[PDB]
Structures are given as C-alpha cells and as structure tokens.
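my_file34.cif (mmCIF, C-alpha atoms and all ligand atoms) appears below.
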data_data
loop_
_atom_site.group_PDB
_atom_site.id
_atom_site.type_symbol
_atom_site.label_atom_id
_atom_site.label_comp_id
_atom_site.auth_asym_id
_atom_site.auth_seq_id
_atom_site.Cartn_x
_atom_site.Cartn_y
_atom_site.Cartn_z
ATOM 1 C CA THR A 81 -163.758 -9.626 -147.982
ATOM 2 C CA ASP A 82 -161.389 -10.837 -150.727
ATOM 3 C CA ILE A 83 -160.155 -8.271 -153.324
ATOM 4 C CA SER A 84 -161.139 -10.703 -156.173
ATOM 5 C CA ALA A 85 -164.676 -10.757 -154.563
ATOM 6 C CA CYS A 86 -164.940 -6.900 -154.412
ATOM 7 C CA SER A 87 -166.623 -4.464 -156.823
ATOM 8 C CA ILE A 88 -163.939 -1.790 -157.730
ATOM 9 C CA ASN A 89 -164.961 1.854 -158.485
ATOM 10 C CA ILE A 90 -162.242 3.940 -160.242
ATOM 11 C CA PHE A 91 -163.111 7.651 -159.799
ATOM 12 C CA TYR A 92 -161.242 10.236 -161.906
ATOM 13 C CA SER A 93 -161.345 13.921 -162.877
ATOM 14 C CA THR A 94 -159.760 15.357 -166.063
ATOM 15 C CA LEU A 95 -159.549 18.838 -167.721
ATOM 16 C CA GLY A 96 -157.118 17.848 -170.547
ATOM 17 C CA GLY A 97 -158.176 14.165 -170.851
ATOM 18 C CA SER A 98 -154.923 12.390 -169.782
ATOM 19 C CA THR A 99 -156.259 11.144 -166.356
ATOM 20 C CA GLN A 100 -159.236 9.520 -168.259
ATOM 21 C CA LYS A 101 -156.813 7.563 -170.514
ATOM 22 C CA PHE A 102 -154.693 6.661 -167.407
ATOM 23 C CA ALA A 103 -157.880 5.474 -165.522
ATOM 24 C CA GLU A 104 -158.862 3.216 -168.523
ATOM 25 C CA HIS A 105 -155.351 1.688 -168.439
ATOM 26 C CA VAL A 106 -155.416 1.158 -164.617
ATOM 27 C CA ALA A 107 -158.915 -0.431 -164.988
ATOM 28 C CA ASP A 108 -157.671 -2.812 -167.786
ATOM 29 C CA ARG A 109 -154.623 -3.885 -165.717
ATOM 30 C CA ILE A 110 -156.858 -4.591 -162.648
ATOM 31 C CA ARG A 111 -159.408 -6.520 -164.844
ATOM 32 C CA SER A 112 -156.639 -8.759 -166.361
ATOM 33 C CA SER A 113 -154.711 -9.188 -163.040
ATOM 34 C CA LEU A 114 -157.834 -10.263 -160.986
ATOM 35 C CA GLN A 115 -159.778 -11.849 -163.944
ATOM 36 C CA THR A 116 -162.785 -9.761 -162.802
ATOM 37 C CA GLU A 117 -165.582 -7.875 -164.626
ATOM 38 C CA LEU A 118 -166.486 -5.945 -161.390
ATOM 39 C CA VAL A 119 -164.401 -2.796 -162.253
ATOM 40 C CA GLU A 120 -166.212 0.471 -163.212
ATOM 41 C CA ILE A 121 -164.687 3.888 -164.151
ATOM 42 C CA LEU A 122 -166.667 7.015 -163.024
ATOM 43 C CA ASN A 123 -165.988 10.668 -163.980
ATOM 44 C CA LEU A 124 -166.382 12.556 -160.636
ATOM 45 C CA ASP A 125 -167.910 15.536 -162.610
ATOM 46 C CA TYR A 126 -170.919 13.367 -163.814
ATOM 47 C CA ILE A 127 -171.676 11.573 -160.523
ATOM 48 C CA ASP A 128 -173.811 12.407 -157.429
ATOM 49 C CA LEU A 129 -170.975 12.732 -154.844
ATOM 50 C CA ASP A 130 -173.162 12.285 -151.680
ATOM 51 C CA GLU A 131 -174.454 8.861 -153.030
ATOM 52 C CA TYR A 132 -170.829 7.499 -153.167
ATOM 53 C CA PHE A 133 -168.966 9.509 -150.436
ATOM 54 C CA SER A 134 -171.825 9.595 -147.733
ATOM 55 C CA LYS A 135 -172.304 5.771 -147.565
ATOM 56 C CA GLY A 136 -170.317 2.665 -148.626
ATOM 57 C CA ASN A 137 -170.645 -1.156 -148.919
ATOM 58 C CA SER A 138 -168.395 -3.834 -147.318
ATOM 59 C CA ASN A 139 -167.761 -5.348 -150.824
ATOM 60 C CA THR A 140 -166.646 -2.058 -152.523
ATOM 61 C CA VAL A 141 -163.158 -0.541 -153.064
ATOM 62 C CA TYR A 142 -162.715 3.115 -154.192
ATOM 63 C CA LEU A 143 -159.660 4.059 -156.323
ATOM 64 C CA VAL A 144 -159.299 7.830 -156.884
ATOM 65 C CA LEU A 145 -157.155 9.007 -159.856
ATOM 66 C CA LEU A 146 -156.793 12.825 -159.525
ATOM 67 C CA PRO A 147 -154.711 15.452 -161.376
ATOM 68 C CA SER A 148 -153.993 18.732 -159.466
ATOM 69 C CA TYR A 149 -154.841 22.243 -160.763
ATOM 70 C CA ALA A 150 -153.571 25.406 -159.049
ATOM 71 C CA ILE A 151 -156.407 27.310 -160.914
ATOM 72 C CA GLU A 152 -160.094 26.822 -159.936
ATOM 73 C CA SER A 153 -161.539 23.598 -161.429
ATOM 74 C CA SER A 154 -164.324 21.011 -160.820
ATOM 75 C CA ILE A 155 -161.698 19.240 -158.577
ATOM 76 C CA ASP A 156 -162.147 22.101 -156.006
ATOM 77 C CA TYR A 157 -165.847 21.045 -155.901
ATOM 78 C CA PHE A 158 -164.909 17.360 -155.313
ATOM 79 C CA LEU A 159 -162.599 18.342 -152.350
ATOM 80 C CA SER A 160 -165.241 20.798 -150.880
ATOM 81 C CA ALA A 161 -167.967 18.054 -151.134
ATOM 82 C CA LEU A 162 -165.675 15.693 -149.102
ATOM 83 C CA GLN A 163 -165.055 18.472 -146.463
ATOM 84 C CA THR A 164 -168.839 19.292 -146.258
ATOM 85 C CA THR A 165 -169.530 15.544 -145.603
ATOM 86 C CA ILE A 166 -166.814 15.480 -142.863
ATOM 87 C CA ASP A 167 -168.234 18.673 -141.222
ATOM 88 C CA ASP A 168 -172.101 18.610 -141.740
ATOM 89 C CA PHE A 169 -173.961 17.573 -138.477
ATOM 90 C CA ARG A 170 -176.825 16.043 -140.611
ATOM 91 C CA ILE A 171 -174.388 13.303 -141.828
ATOM 92 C CA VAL A 172 -173.115 10.655 -139.340
ATOM 93 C CA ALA A 173 -169.352 10.401 -138.456
ATOM 94 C CA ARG A 174 -167.191 7.928 -140.492
ATOM 95 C CA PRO A 175 -169.904 7.178 -143.102
ATOM 96 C CA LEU A 176 -167.365 5.092 -145.222
ATOM 97 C CA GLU A 177 -166.340 2.820 -142.249
ATOM 98 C CA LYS A 178 -168.089 -0.141 -144.070
ATOM 99 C CA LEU A 179 -166.071 0.351 -147.372
ATOM 100 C CA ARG A 180 -163.538 -2.471 -147.999
ATOM 101 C CA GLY A 181 -161.108 0.453 -148.529
ATOM 102 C CA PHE A 182 -159.601 3.147 -150.784
ATOM 103 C CA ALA A 183 -156.356 4.250 -152.457
ATOM 104 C CA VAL A 184 -155.401 7.480 -154.277
ATOM 105 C CA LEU A 185 -153.116 7.985 -157.313
ATOM 106 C CA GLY A 186 -152.267 11.644 -158.096
ATOM 107 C CA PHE A 187 -150.954 13.146 -161.381
ATOM 108 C CA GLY A 188 -148.918 16.397 -161.298
ATOM 109 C CA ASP A 189 -146.157 18.430 -162.990
ATOM 110 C CA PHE A 190 -143.070 18.387 -160.716
ATOM 111 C CA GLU A 191 -141.023 20.726 -163.028
ATOM 112 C CA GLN A 192 -143.587 23.543 -162.649
ATOM 113 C CA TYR A 193 -145.269 22.786 -159.231
ATOM 114 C CA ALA A 194 -142.485 21.217 -157.018
ATOM 115 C CA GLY A 195 -143.282 21.918 -153.304
ATOM 116 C CA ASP A 196 -146.695 22.393 -151.592
ATOM 117 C CA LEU A 197 -148.557 22.367 -154.982
ATOM 118 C CA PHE A 198 -147.172 19.014 -156.390
ATOM 119 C CA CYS A 199 -150.233 16.637 -156.482
ATOM 120 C CA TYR A 200 -151.733 18.817 -153.682
ATOM 121 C CA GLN A 201 -155.378 17.826 -154.542
ATOM 122 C CA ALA A 202 -154.546 14.044 -154.526
ATOM 123 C CA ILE A 203 -152.874 14.567 -151.081
ATOM 124 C CA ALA A 204 -156.063 16.355 -149.830
ATOM 125 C CA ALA A 205 -158.352 13.561 -151.256
ATOM 126 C CA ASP A 206 -156.275 10.849 -149.469
ATOM 127 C CA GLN A 207 -156.461 12.722 -146.070
ATOM 128 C CA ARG A 208 -160.238 13.434 -146.391
ATOM 129 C CA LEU A 209 -161.223 9.853 -147.454
ATOM 130 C CA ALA A 210 -159.368 8.593 -144.283
ATOM 131 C CA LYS A 211 -161.348 11.188 -142.173
ATOM 132 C CA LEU A 212 -164.611 9.807 -143.747
ATOM 133 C CA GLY A 213 -163.652 6.434 -142.100
ATOM 134 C CA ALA A 214 -162.463 4.626 -145.290
ATOM 135 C CA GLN A 215 -159.577 2.187 -144.574
ATOM 136 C CA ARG A 216 -156.524 3.126 -146.705
ATOM 137 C CA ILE A 217 -155.400 -0.046 -148.606
ATOM 138 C CA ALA A 218 -152.184 1.456 -150.044
ATOM 139 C CA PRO A 219 -150.141 4.631 -149.607
ATOM 140 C CA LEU A 220 -150.817 7.593 -151.893
ATOM 141 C CA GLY A 221 -149.031 7.232 -155.280
ATOM 142 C CA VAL A 222 -147.897 10.313 -157.267
ATOM 143 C CA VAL A 223 -146.905 10.438 -160.966
ATOM 144 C CA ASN A 224 -144.844 13.281 -162.446
ATOM 145 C CA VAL A 225 -146.422 13.587 -165.953
ATOM 146 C CA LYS A 226 -143.286 15.546 -167.137
ATOM 147 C CA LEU A 227 -141.187 12.301 -167.117
ATOM 148 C CA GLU A 228 -140.975 10.360 -170.434
ATOM 149 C CA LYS A 229 -144.373 8.750 -171.262
ATOM 150 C CA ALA A 230 -142.824 5.251 -170.768
ATOM 151 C CA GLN A 231 -141.884 6.246 -167.150
ATOM 152 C CA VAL A 232 -145.389 7.770 -166.473
ATOM 153 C CA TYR A 233 -146.901 4.389 -167.555
ATOM 154 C CA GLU A 234 -144.299 2.294 -165.572
ATOM 155 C CA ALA A 235 -145.078 4.456 -162.471
ATOM 156 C CA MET A 236 -148.909 3.932 -162.485
ATOM 157 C CA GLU A 237 -148.385 0.187 -163.342
ATOM 158 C CA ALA A 238 -146.030 -0.258 -160.319
ATOM 159 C CA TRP A 239 -148.626 1.568 -158.128
ATOM 160 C CA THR A 240 -151.497 -0.653 -159.489
ATOM 161 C CA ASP A 241 -149.411 -3.810 -158.718
ATOM 162 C CA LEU A 242 -148.479 -2.501 -155.198
ATOM 163 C CA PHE A 243 -152.216 -1.794 -154.617
ATOM 164 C CA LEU A 244 -153.170 -5.400 -155.663
ATOM 165 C CA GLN A 245 -150.349 -6.826 -153.391
ATOM 166 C CA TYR A 246 -151.473 -4.708 -150.303
ATOM 167 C CA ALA A 247 -155.170 -5.636 -150.948
ATOM 168 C CA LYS A 248 -154.246 -9.408 -150.941
ATOM 169 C CA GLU A 249 -152.172 -9.236 -147.658
HETATM 170 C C1 LIG B 1 -153.106 25.366 -165.454
HETATM 171 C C2 LIG B 1 -152.433 24.176 -164.851
HETATM 172 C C3 LIG B 1 -152.222 24.133 -163.472
HETATM 173 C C4 LIG B 1 -151.584 23.043 -162.884
HETATM 174 N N1 LIG B 1 -151.411 23.000 -161.554
HETATM 175 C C5 LIG B 1 -150.791 21.958 -160.992
HETATM 176 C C6 LIG B 1 -150.556 21.907 -159.554
HETATM 177 O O1 LIG B 1 -150.945 22.854 -158.821
HETATM 178 N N2 LIG B 1 -149.949 20.847 -159.065
HETATM 179 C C7 LIG B 1 -149.493 19.851 -159.849
HETATM 180 O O2 LIG B 1 -148.924 18.875 -159.337
HETATM 181 N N3 LIG B 1 -149.682 19.830 -161.157
HETATM 182 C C8 LIG B 1 -150.337 20.819 -161.774
HETATM 183 N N4 LIG B 1 -150.548 20.824 -163.165
HETATM 184 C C9 LIG B 1 -150.149 19.705 -164.026
HETATM 185 C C10 LIG B 1 -151.449 18.867 -164.221
HETATM 186 O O3 LIG B 1 -151.974 18.298 -163.019
HETATM 187 C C11 LIG B 1 -151.165 17.662 -165.074
HETATM 188 O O4 LIG B 1 -150.888 18.219 -166.346
HETATM 189 C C12 LIG B 1 -152.272 16.597 -165.184
HETATM 190 O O5 LIG B 1 -151.699 15.558 -165.981
HETATM 191 C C13 LIG B 1 -153.571 17.088 -165.848
HETATM 192 O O6 LIG B 1 -154.410 15.954 -166.107
HETATM 193 P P1 LIG B 1 -155.645 16.047 -167.120
HETATM 194 O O7 LIG B 1 -154.982 15.997 -168.505
HETATM 195 O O8 LIG B 1 -156.374 14.784 -166.803
HETATM 196 O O9 LIG B 1 -156.387 17.344 -166.805
HETATM 197 C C14 LIG B 1 -151.182 21.921 -163.759
HETATM 198 C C15 LIG B 1 -151.369 21.987 -165.158
HETATM 199 C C16 LIG B 1 -152.003 23.083 -165.754
HETATM 200 C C17 LIG B 1 -152.253 23.163 -167.272
HETATM 201 MN MN MN B 2 -177.541 13.823 -153.952
HETATM 202 MN MN MN B 3 -178.073 12.357 -153.206
#

Take the structure from the file and write it as structure tokens.
Amino acid sequence: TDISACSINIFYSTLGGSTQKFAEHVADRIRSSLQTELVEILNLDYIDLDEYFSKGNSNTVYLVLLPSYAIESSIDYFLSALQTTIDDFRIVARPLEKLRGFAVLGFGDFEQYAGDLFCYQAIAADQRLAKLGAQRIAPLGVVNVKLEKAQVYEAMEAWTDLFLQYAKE
C-alpha cells in the first residue's frame, strides 16, 4: 500500500528530551513531504507496548527514534518487551508480518561510546523488529549527537529523505 496512503507512527524514548525534539522535526518533515495528516508521535514510556508490537495493520508504518544509554533506563524495558514477544509461546510467530514496514534512527555519542556501545539500543531495536516479522523499509540510521547541531539536523533530514525514497520504490 502506498506510503502517502499509510498511517505513520513515530515511536521515541528520551531521558534528556533531545530525541523528543528530533522526533517532532522528523514528523514535520514527513507531514510536509507527503502532504499527510496521518503522522502521530508516541513516547514509548506512555504506551502499551503489546498493543503496538504484538499486532500490526497493512496500512501502518513504524518509525523508531531511539537514543542509547549504557546505564539502566526505560529503553531496557522497551528492548526486553520486544524480546519477550519474540520468545513467549502464547504469542504467534511474526506478529508484525502485516505491517507495511519499519525503520530505526538511533542517536548516540561517538566520542564517548565508539565501539559496541555506539547506538547499541537502536541496533538491537532494528534486529528485534525484523525478528517480529516487520519488513525493514530502510537501513538503520545513526546520528552522532556530538557533531555540530547543524550536522545532527542534516543527518536526520538525509535519513528521513532516504526513508521516503525507499518507501516509494
Ligand atoms: C549516562 C549516559 C550514557 C550514555 N550511553 C550511551 C551509549 O551507551 N551509547 C551511545 O551511543 N550513546 C550514549 N549516550 C549518549 C546519548 O544517547 C545521547 O546523549 C542521546 O542524545 C540522549 O538522548 P535524549 O536527550 O533523548 O535522552 C549516553 C549519554 C549519557 C548521559
Ligand atoms: Mn497490554
Ligand atoms: Mn495489552
């Protein structure tokens, strides 16, 4: 089903508030690029995760904007809820097979967390959504939030545009 025809859910998590601001900006760029009012932003901390990640509609896209935290955070709970859904016998295999698809954008600090930790929770989200049967529309994007602010914005704008291009092919 056509991307312009789809309802678009933008999930995010935030401790410091930057990923919220970035999710508003990604939402506004998608709204203006597709001339659609079918874009919603959802804070993963305020949402019933089984309702969204245990079942999906053919006319729905999921975008996941996720910072990474090496400390324990609500994001740990998001990733565990995905793993529980993959593993629990009481839930069917590939419950998101009917989703139009999904893409992940991760935020991380390369200066401090270069290596296995850089955007590690966005990498895990991308792998687990694919194991839930959701078709990946675009490759995982990562933004180093220690670049200049102009470059952080240019990076998530290029990823939003690549996402819209892939979704139209
Ligand atoms: C305590 C702490 C731990 C962090 N751990 C990681 C990490 O493991 N990997 C990473 O890529 N970035 C890490 N970062 C950088 C954050 O992901 C980044 O600052 C992100 O923009 C936070 O978004 P928020 O403002 O929406 O919470 C960490 C930052 C802090 C303050
Ligand atoms: Mn529930
Ligand atoms: Mn429920």

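Counting from atom CA of residue 83 of chain A, the distance to atom CA of residue 249 of chain A is 9.8 Å.
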
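Across A:175, A:147, A:181, A:96, the tightest approach to residue 81 of chain A is made by A:181 when counting only C-alpha atoms.
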
- For the point (-170.1, 5.1, -156.2) in the file's frame, write as a ChimeraX atom specification all residues with an atom no more than 9 Å away, counting all atoms listed in the file. /A:89-91,122,127-129,131-133,135-136,140,142

- Spatial neighbours of residue 242 of chain A, max dist 10 Å, only C-alpha atoms, sep filter under 4 positions, as JSON, numbers by chain: {"A": [217, 218, 219, 221, 236, 237, 238, 246, 247, 248]}

- Please provide as an MDAnalysis selection string all residues within 12 Å of residue 113 of chain A, with the sequence filter that same-chain residues fewer than 5 positions apart are discarded (counting only C-alpha atoms). chainID A and resid 83:84 106:108 119 237 240:241 243:245
